[PDB]
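**Student:** Generate coordinates for the sequence data below:
(6 chains, ligands or ions: 5)
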Amino acid sequence: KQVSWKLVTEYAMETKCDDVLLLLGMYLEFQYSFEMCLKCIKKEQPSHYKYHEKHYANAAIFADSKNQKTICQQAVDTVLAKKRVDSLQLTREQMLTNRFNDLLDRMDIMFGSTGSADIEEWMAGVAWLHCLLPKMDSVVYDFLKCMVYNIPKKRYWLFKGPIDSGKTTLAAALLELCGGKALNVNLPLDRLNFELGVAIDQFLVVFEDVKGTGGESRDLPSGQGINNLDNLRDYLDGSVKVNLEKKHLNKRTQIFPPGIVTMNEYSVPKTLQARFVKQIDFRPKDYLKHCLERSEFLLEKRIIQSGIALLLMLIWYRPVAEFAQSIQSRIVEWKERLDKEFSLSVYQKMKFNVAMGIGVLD
Amino acid sequence: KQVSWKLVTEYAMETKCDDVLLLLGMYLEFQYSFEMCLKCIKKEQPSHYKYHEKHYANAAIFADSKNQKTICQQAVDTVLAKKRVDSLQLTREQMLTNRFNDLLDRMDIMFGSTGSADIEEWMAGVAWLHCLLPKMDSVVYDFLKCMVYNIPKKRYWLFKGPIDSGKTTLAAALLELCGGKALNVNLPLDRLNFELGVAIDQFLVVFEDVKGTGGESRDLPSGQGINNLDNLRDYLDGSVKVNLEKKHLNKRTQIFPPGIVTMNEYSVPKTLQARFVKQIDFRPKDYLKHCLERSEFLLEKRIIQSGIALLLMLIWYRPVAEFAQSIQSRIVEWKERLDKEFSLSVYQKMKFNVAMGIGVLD
Amino acid sequence: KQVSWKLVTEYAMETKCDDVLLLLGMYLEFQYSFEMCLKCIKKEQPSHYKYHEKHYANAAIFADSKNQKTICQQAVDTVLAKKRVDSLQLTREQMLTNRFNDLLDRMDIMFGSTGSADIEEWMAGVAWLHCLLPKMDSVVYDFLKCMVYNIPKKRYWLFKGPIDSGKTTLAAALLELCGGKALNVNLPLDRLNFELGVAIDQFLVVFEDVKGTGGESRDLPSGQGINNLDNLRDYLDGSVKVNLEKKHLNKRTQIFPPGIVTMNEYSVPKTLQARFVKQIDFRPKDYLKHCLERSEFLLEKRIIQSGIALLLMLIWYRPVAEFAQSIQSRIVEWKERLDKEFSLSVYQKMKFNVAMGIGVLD
Amino acid sequence: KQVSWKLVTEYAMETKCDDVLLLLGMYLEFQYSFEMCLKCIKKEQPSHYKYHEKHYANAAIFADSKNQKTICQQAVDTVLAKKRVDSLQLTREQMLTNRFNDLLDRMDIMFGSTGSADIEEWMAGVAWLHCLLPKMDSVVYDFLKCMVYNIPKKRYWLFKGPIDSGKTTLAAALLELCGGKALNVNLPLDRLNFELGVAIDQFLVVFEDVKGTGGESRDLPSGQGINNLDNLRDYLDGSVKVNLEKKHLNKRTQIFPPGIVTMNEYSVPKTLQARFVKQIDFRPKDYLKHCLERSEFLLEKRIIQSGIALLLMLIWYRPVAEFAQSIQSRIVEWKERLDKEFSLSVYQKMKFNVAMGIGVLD
Amino acid sequence: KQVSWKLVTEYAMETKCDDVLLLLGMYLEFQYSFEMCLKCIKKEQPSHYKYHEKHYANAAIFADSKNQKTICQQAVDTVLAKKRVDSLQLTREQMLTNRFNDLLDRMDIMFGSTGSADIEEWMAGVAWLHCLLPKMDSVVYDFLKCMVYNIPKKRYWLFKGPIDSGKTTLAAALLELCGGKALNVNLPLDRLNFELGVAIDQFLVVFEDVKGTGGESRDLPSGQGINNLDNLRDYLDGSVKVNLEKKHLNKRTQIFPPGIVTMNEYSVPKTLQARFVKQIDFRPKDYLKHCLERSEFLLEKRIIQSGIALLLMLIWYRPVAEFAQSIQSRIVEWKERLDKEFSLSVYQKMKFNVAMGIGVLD
DNA sequence: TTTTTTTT
Ligand SMILES: Nc1ncnc2c1ncn2[C@@H]1O[C@H](COP(=O)(O)OP(=O)(O)OP(=O)(O)O)[C@@H](O)[C@H]1O
Ligand SMILES: Nc1ncnc2c1ncn2[C@@H]1O[C@H](COP(=O)(O)OP(=O)(O)OP(=O)(O)O)[C@@H](O)[C@H]1O
Ligand SMILES: Nc1ncnc2c1ncn2[C@@H]1O[C@H](COP(=O)(O)OP(=O)(O)OP(=O)(O)O)[C@@H](O)[C@H]1O
Ligand SMILES: Nc1ncnc2c1ncn2[C@@H]1O[C@H](COP(=O)(O)OP(=O)(O)OP(=O)(O)O)[C@@H](O)[C@H]1O
Ligand SMILES: Nc1ncnc2c1ncn2[C@@H]1O[C@H](COP(=O)(O)OP(=O)(O)OP(=O)(O)O)[C@@H](O)[C@H]1O
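**Tutor:** Numbers count the residues shown, from 1 in each chain, chains lettered A, B, ... in the order given. Ligands and ions are numbered 1, 2, ... in the order given. Next comes the structure:
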């Protein structure tokens, strides 16, 4: 009649929960009967209803515990340990293979019985995106492969172009795809130390909107970024490890993650420019805005923001062999759903609408 | 029956594992039945497959205990305590001898060749590197003398040159073939005095670029570097037994570690001297880029970053007595393994190709 | 049947260890069966081999204990507490005996089984050092008892002299013998707050040359320092206690320490002169520098700044009566070495060599 | 058999010791056999020898304790509470009675059989100080009573005079007679805030060398202090509580304590002048200087600075009843002691001799 | 047997003590037998002699506890909890009624059998304050109502007049009567952030000496405060909640307290003029000056600053029904005491002769 | 004890 710390640790592992407060909160819900658990009846949250009946009996005794935070602490530690072990041992290809498996599990329930998504809407987003730039999907693949190999001195891509020209809109989807974080280099010289400290164990980073000093004749305000990146040239090249730091915790040391920069059409040092591998200079395209005006439901649902939209685009455009073996099994299934669910001229109609600037559906 | 904290502390000692999170993660892998273990079968990481057979019985009991992080702390303490003893009592030679042996062991896998690389790559590595500097081999040797003799005045070497000159990559490689840490000091020091616990218990530290107080008036970005160096002219001259402030990181009293100062072509007030072996020049020189461009495996496999790519240079030339008195058979074996495998006139291919600025493998 | 904490504390006292990782690491070395202990076989370190045989059985139980760092923390407190009892109750004369043991114990290493450096170079120092000043050894013993009696007003000697006159050099050797700190007063006034705050709690100090507004008559850089200096009478004469301070931190309130002033030959008021016991007018002088510029191995060993070479000089020159009575029984053992090893012609030759301006070793 | 924490608490109380480390160290000394205790034999510190025999039995078992520091921590907590109770509840006259009982204890040592200094030599100082200002002893009793009553506005005394007028000497002795702190207000308006925080919970403050304005018309260097004081009228007046601040801490509210001001002959605004209850000028006096020249032991033993000297003077001159009733019993025996140890003729002979400017003794 | 932690929790709740060392220190006093406790026999401190016999045995056991500070922390946190509860739940009228009860209790000691003050001197005090303004009691009654309603906009009062006019005297008395804190907005704009953190949870605040600018046309120094107050509009109007900040604590939110602004007769922006309900002008009145000269016990005993005198003014003047419902019983009884102690004739005679500036008492 | 506040 005592806490199975083991059963608690199973749940924290299986959910990948890594906040002690969230773990505590979630586990407590299992104290009441699953038998009439209205959340289970709603099938509302899988992280709840998948587990409640199994964990109920343990959670009933957990509710009486006087140690509760300590039990959750050791549970969370086990989840963090797995993250650390993986970060040292796995190849980046395998890390990314796992990241696909996570998102593909999420795409189960979104389209399952709960199913609250509409697959039509999400593919309108792909059609809008794929219309954005020539040969769109191939560019995503090239970024991902570069990110996988992590070729030293060849780690960063330049996105350039006017305000609202969609570079952030693209980038947000890429970041959700890989997992990673965003940071700002418009800050006072190398005073950014604890913000660059964010990048510990991250797979990818993205920097927003370098305020290129001197562009303001063209209404482009100046700022720190250009020369902060003139400074961080080792972080650009990645040819060395560095320290990074966070509070009431040890330092940590690693290669710095590869990433993306976004900027307006400020000038740039040709040398700093030569530290980037590649550019994408975005331009406004009115018909996409007119399309959006008539297609509000996308943004209400953040569809074009979402890495889930990119994944559907690759499942659409790419051969099955283009991805790691085990997920090819899943990718095959995700061909099947598209094959079944769309007539090809459905996508034609949709992308045809996008180009005509009508609402994507009609 | 009981968890044996002893058996855990053995594993920490033997792996030389040195973070509670890494250690905790590792040991929990053993809790599955060894006889079946897929990682043992797969032979993926020796830090597991060498040990799972032995520790499995104990890990079963470890997995149940309600205080797991405490065991890992005591075990990590033992590994760090071992390092702190040797941090005092060793001759400078035996420290460097320790550092070397592990590279030989890694080379045993690499070139006893259950590990992967083609030594031809790293011979080509030595070609690219050894071409960089007049008498580079002696430069490495002369550094090691200055290090192993801990020499006052001579305690620092000043790398002056443009960026992309390699000076930092060189310094970092000596942070491989020697232990040590990098450092930055270009700020008003008041609360920053707490940082150099990083330099406590170091044989060596490298001061990164002097972001000067004259600064961008030199076309080189500003900071507090030059004046801070001028101020701490006591410490650079080794005048002080280290009582710099901590940031949790605990105490080995020492003279401040020797090493390098680096400078992207900034100004210097002549007062800063009486305090080095010398200043040292560096330049980018296109043909070396021409070769690298034609040889970028040197960069992909990070050959040029490595201090492995300096160790191998030593083997190929020096009398074994210039190395440790004791280790001498190990180097003789590796000498033979490559003295057999090339004449100098073979990999003189690489030398003259690098000298010509042209690709360094066939 | 259990760890005796008592024996750990004895060892912690007898080592005078006061860092927890050091004590922990070392005491675990006693684990192995003492009879074969290879550190004992080699006689590596007495702090081991004088103890393992005694402590052995207890160290077995220690290694099996489940709270090791808690034992070590209490033992370290016992050692550091002893210092603070002594920090209260001891006279400056008894406190001076620390220096002598500190110096002699280090010197045992310096001429250890390693003969860590050839003691003959240290004696070649002792020779050259005595060459530098009229009645050099008496000039030291003058300063010694000057600093013992700490006599108010009668507290300070002015090291006057031109650039590169060895004043700082002798101060450095004196500061080696004695310890100290160095400070600057040419600073703007706001600095002195914390700058002088640095002087807090030290047995002796020096001031860097007072760059002073009139010296640039010579172009002696005309910092604020001399006008700044003649405000500070209460500190110098040590008549009355004074406040000191630290960044981010409180005042401290104490009698101001004694010590040394360097300067190059600015003008001064007799107002300032009266603060001093004494003045010394260094200059660079012929066969002293011109011997060293041959015998620069002593620059490389910095014996030219070695307070422990002053200690050998004292042991050579001075009556047994000149030293605190108990510790005379060590000094005799060093006298006996010097008598044999520097049989008189050895010493006489070395000094004579310097007196020929020619390499002190021949 | 258990440690008695109570005996440790009593020792911490009786020694009035409030550093956990100092307390710990001293209590350990008692574990060794009392009989042969060389500290006891040398009568080295009463804090030891007047206690070792009492505590020895408990100290031995305390030396076996596993938890030693917590015992000492609780003991220190006892003493700090006792201070804080007293600080909030005693009358000012009781606080001064405490200071006097304390000094009388130390004088029992100085002139006891241990005889650590000559009562002759200290009485030489009393004569010299009684000669420093007219009616010296009467002025001292006034000042003490003024601080004891602390009547609002009637709280501050002015010590104005040239350099080497001795005003610092008098202030030091008074501050030693009462306990208190010096302050500097030649700071700018920034630093004052933490400077005044020094005064927290003191009995006296002394303001040092307030540099006025325009003084170089009389060669006096000018500065902030006078103008700063005249803002602080409400701190001087002492009629309402003020907010006081320490670094890293919240503000505190209390009445600013009474005190003393020193300066050269600057002009004083009538506003500031009016807030002083007495002005006491000082003058240089040649016969004091020529007398003091020969009575060298006065400076070299710091007699004329010491509050022990002031306490002696009050005993020699004042009526018994003028003392608080508790110490009056001790005053009798000290008067009677001194009245044995000197005639009036002896004492008046010193005063006469000092007026002649000649070495004090014959 | 055991320590009753609950009896300590009573004693803290009883005494309202909320400092662990004051609580600790007092609780320890009781361990000696109250029967001979001289603090009891003296009845010197009510917080002792009321309680000693009651807590005797528990203190005797508490004196042997090994957990002493743990007991006290729990007790102290109980008292903090009560304040926190009341800080939310009470009305402003209850807070004022609570505050009045505290003062009445101290008055009953002061004028009790212990009688440590003379009610006639305190009544003499009341007369002088009545003469400071027209209709003084009506003014006080207006002020308190304005505070208790705390009506937005209508929250602040301005005191104005030349220096030595009584404004600070009245402010300090009103501040004692309600409780509150004083603040100095004349700082520069940065630390003013932390300055306002003092206002947290206060019933009331006072702004000192808000320095104008260009006041030197009126012989006044310029400053900063007024410009800062215009940057603080809504803090005064009390319409909206504000953020507040102490050192080393995360911010909190509340309506900023009502209060009083004080200045010498600078000019005011009409933007600032709009904040205030009312302003009161103070004129220097020499006959008060002459009265204080001849009535010194007023100042010396700090009568005229103390809120007790304002409460006496309220009791002697105001009709009973104006007081909060519960205390009307006590107030009636105190009026009855005052009518016993004085005829109106006597009070009228005091108020008369003050008007001619002769000393009060006759 | 850091981290924040102090420092700047
Ligand atoms: N190329 C485009 N043409 C027209 N409208 C666009 C384009 N790209 C994005 N939009 C619209 O502008 C909005 C903002 O786009 P986005 O933030 O990606 O632009 P941005 O140039 O990267 O801007 P910023 O630098 O401010 O982040 C989008 O949500 C979409 O509504
Ligand atoms: N001789 C060369 N000519 C041109 N490019 C070179 C040469 N040597 C190295 N490089 C390039 O410069 C890149 C950066 O080198 P590295 O950072 O070591 O230079 P550095 O001078 O030490 O720079 P910094 O001091 O600014 O960090 C290398 O990865 C390589 O691609
Ligand atoms: N008489 C001498 N014989 C040998 N070396 C000398 C002599 N005088 C000076 N030197 C050398 O001059 C160099 C500088 O000496 P040091 O720092 O003590 O001089 P300083 O006068 O204090 O310096 P500064 O020029 O800064 O005032 C040292 O190498 C010292 O050994
Ligand atoms: N009245 C005096 N007449 C002559 N010499 C004096 C007198 N008072 C002090 N001295 C000499 O001046 C020295 C300094 O004394 P002290 O610091 O007390 O003087 P001060 O005038 O108060 O100083 P400050 O200038 O620091 O205010 C004494 O040690 C003594 O040598
Ligand atoms: N009406 C008055 N007429 C003359 N003197 C007065 C008057 N009121 C107060 N005083 C005198 O002024 C002294 C100081 O009073 P108080 O501090 O309240 O003045 P203030 O003008 O408010 O000062 P500040 O503006 O400097 O804070 C009192 O102790 C008293 O001696």
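**Student:** I'd say residue A:287 and residue A:355 touch.
**Tutor:** Yes - contact between residue A:287 and residue A:355 holds when scored by CB atoms under 8 Å: they sit 6.6 Å apart. For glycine as for every other residue, the C-beta is placed from the backbone atoms N, C-alpha and C.
**Student:** do stretch A:122-131 and ligand 1 meet at all?
**Tutor:** No - on the criterion CB under 6 Å from any ligand atom, stretch A:122-131 is out of touch with ligand 1, staying 9.7 Å away.
**Student:** What residues does whichever residue of the stretch 1-150 of chain A sits closest to chain C make contact with?
**Tutor:** For the stretch 1-150 of chain A, the residue closest to chain C is residue A:74, as judged by CB to the nearest CB, at 17.4 Å. Residue A:74 sits next to A:5, A:9, B:66, B:68-69 when contact means CB atoms under 8 Å, 6 or more residues apart in numbering or on different chains.
**Student:** With residue A:76 instead?
**Tutor:** A:12, A:17-20, A:23.
**Student:** Looking at those, state which has the most neighbours.
**Tutor:** Counting neighbours by other CB atoms under 10 Å in any protein chain shown, residue A:12 leads these with 24 neighbours.
**Student:** Distance check, that residue against residue C:16.
**Tutor:** According to CB to CB, to the nearest Å, residue A:12 stands 47 Å off from residue C:16.
**Student:** and what of residue A:307?
**Tutor:** Taken as CB to CB, the span from residue A:307 to residue C:16 is 61 Å.
**Student:** Quick check: residues of chain A near ligand 1?
**Tutor:** A:163-169, A:209, A:262, A:282, A:284-285, A:288-289, A:292.
**Student:** count of neighbours near the closest residue to chain C within chain A?
**Tutor:** Per CB to the nearest CB, residue A:250 is where chain A lies closest to chain C, at 15.2 Å. Counted by other CB under 10 Å, the residues lying close to residue A:250 total 13.
**Student:** Quick check: phi and psi on it?
**Tutor:** phi -60, psi 160 (degrees, to the nearest 10).
**Student:** Please report phi then psi for residue A:157.
**Tutor:** Here residue A:157 shows phi and psi, under degrees, to the nearest 10, equal to phi -110, psi 140.
**Student:** Quick check, it in contact with residue A:143.
**Tutor:** Yes - with contact defined as CB under 8 Å, residue A:157 and residue A:143 form a contacting pair (6.5 Å).
**Student:** Comparing those two, which residue is more hemmed in?
**Tutor:** More crowded of residue A:157 and residue A:143, by other CB under 10 Å: residue A:157, with 23 against 20.
**Student:** so what's that one closest to, chain neighbours aside?
**Tutor:** Closest residue to residue A:157 apart from its sequence neighbours, by CB to CB, 6 or more residues apart in numbering or on different chains: residue A:278 at 4.7 Å.
**Student:** Over to residue A:334?
**Tutor:** residue A:315 (4.7 Å).
**Student:** now the strands for chain A?
**Tutor:** Counting by DSSP state E, chain A has strands at residues A:156-160, A:181-183, A:205-210, A:241-244, A:252-255, A:259-263, A:278-281.
**Student:** List the residues that contact residue A:37.
**Tutor:** Going by CB under 8 Å, 6+ apart, residue A:37 touches A:29, A:48-49, A:52.
**Student:** export those to CSV and tack on neighbour count and distance to residue D:223?
**Tutor:** Formatted as CSV, the contacts of residue A:37 follow (neighbours: other CB atoms under 10 Å in any protein chain shown; distance: CB to CB, whole Å):
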residue, neighbour count, distance to residue D:223
A:29, 19, 70
A:48, 19, 72
A:49, 17, 77
A:52, 21, 76
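**Student:** Quick check: the residue of the stretch 101-250 of chain A nearest ligand 1.
**Tutor:** At 2.3 Å from ligand 1, residue A:166 is the closest residue in the stretch 101-250 of chain A, using CB to the nearest ligand atom.
**Student:** Now stretch A:179-191: buried residues?
**Tutor:** Counting neighbours by 16 or more other CB atoms under 10 Å in any protein chain shown, one finds that the buried residues in stretch A:179-191 are A:179-186, A:190.
**Student:** Ok, stretch A:2-19 next?
**Tutor:** A:3, A:5, A:7-12, A:15, A:17.
**Student:** Reformat the residues you listed as CSV; add distance to ligand 2.
**Tutor:** As requested, the buried residues of stretch A:2-19 are arranged in CSV below (distance: CB to the nearest ligand atom, whole Å):
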residue, distance to ligand 2
A:3, 54
A:5, 49
A:7, 51
A:8, 48
A:9, 45
A:10, 47
A:11, 47
A:12, 42
A:15, 43
A:17, 41
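**Student:** Distance of residue A:320 relative to residue A:333?
**Tutor:** On the measure of CB to CB, residue A:320 and residue A:333 end up 11 Å apart.
**Student:** gap between the residue lying closest to residue A:151 once chain neighbours are set aside and residue C:224?
**Tutor:** Leaving out its chain neighbours, the residue that sits closest to residue A:151 by CB to CB, 6+ apart is residue B:300, at 6.4 Å. Using CB to CB, residue B:300 is found at 57 Å from residue C:224.
**Student:** Check the offset of the helix of greatest length in chain A from the chain's centre.
**Tutor:** Looking across chain A with DSSP state H, the single longest helix is helix A:68-89. Distance, stretch centre to chain centre, for helix A:68-89: 22 Å (CA atoms, centre = their mean, to the nearest Å).
**Student:** Check which residues of it are buried.
**Tutor:** Quick answer for helix A:68-89 (16+ other CB under 10 Å): A:68, A:71-72, A:74-79, A:81-82, A:84-85, A:87.
**Student:** Kindly report the same for stretch A:322-332.
**Tutor:** Buried residues in stretch A:322-332 (16+ other CB under 10 Å): A:323, A:327, A:330-331.
**Student:** residues contacting residue A:149?
**Tutor:** Residue A:149 makes contact with residue A:92 under the criterion CB under 8 Å, 6+ apart.
**Student:** circling back to that earlier point, might one say that the residue nearest to residue A:151 is in contact with residue A:153?
**Tutor:** No - the criterion here is CB under 8 Å, and residue B:300 misses it with residue A:153 at 9.3 Å.
**Student:** show me where the stretch 51-200 of chain A has helices.
**Tutor:** Using DSSP state H, counting those that start in this stretch, the helices assigned to the stretch 51-200 of chain A run over residues A:52-62, A:68-89, A:92-109, A:119-132, A:136-149, A:167-178, A:193-196.
**Student:** quick one, which of the strands of chain A is packed in tightest?
**Tutor:** strand A:259-263 (a mean of 23; mean count of other CB atoms under 10 Å in any protein chain shown).
**Student:** Could you tell me how many residues sit around residue A:351?
**Tutor:** So residue A:351, with other CB under 10 Å, has 18 neighbours.
**Student:** Does it touch residue A:132 like I think?
**Tutor:** No - counting by CB under 8 Å, residue A:351 stays clear of residue A:132, with 11.3 Å between them.
**Student:** For the residue of the stretch 1-150 of chain A found nearest chain D, give its distance to ligand 4.
**Tutor:** Using CB to the nearest CB, the single residue of the stretch 1-150 of chain A nearest to chain D is residue A:70, 22.8 Å away. Distance of residue A:70 to ligand 4, computed by CB to the nearest ligand atom, to the nearest Å: 62 Å.
**Student:** Over in the stretch 201-350 of chain A, which residue gets nearest ligand 3? Let me know.
**Tutor:** Ligand 3 sits closest to residue A:231 of the stretch 201-350 of chain A, with a gap of 35.2 Å, by CB to the nearest ligand atom.
**Student:** residues in contact with that residue?
**Tutor:** By CB under 8 Å, 6+ apart, the residues touching residue A:231 are A:189-190, B:221.
**Student:** How about residue A:246?
**Tutor:** A:194, A:197, A:200, A:252.
**Student:** can we see that at 10 Å?
**Tutor:** By CB atoms under 10 Å, 6 or more residues apart in numbering or on different chains, residue A:246 lies in contact with A:194, A:197-198, A:200, A:252.
**Student:** nearest to residue C:245, of the contacts of residue A:37?
**Tutor:** In terms of CB to CB, no member of the contacts of residue A:37 lies closer to residue C:245 than residue A:29, at 56.4 Å.
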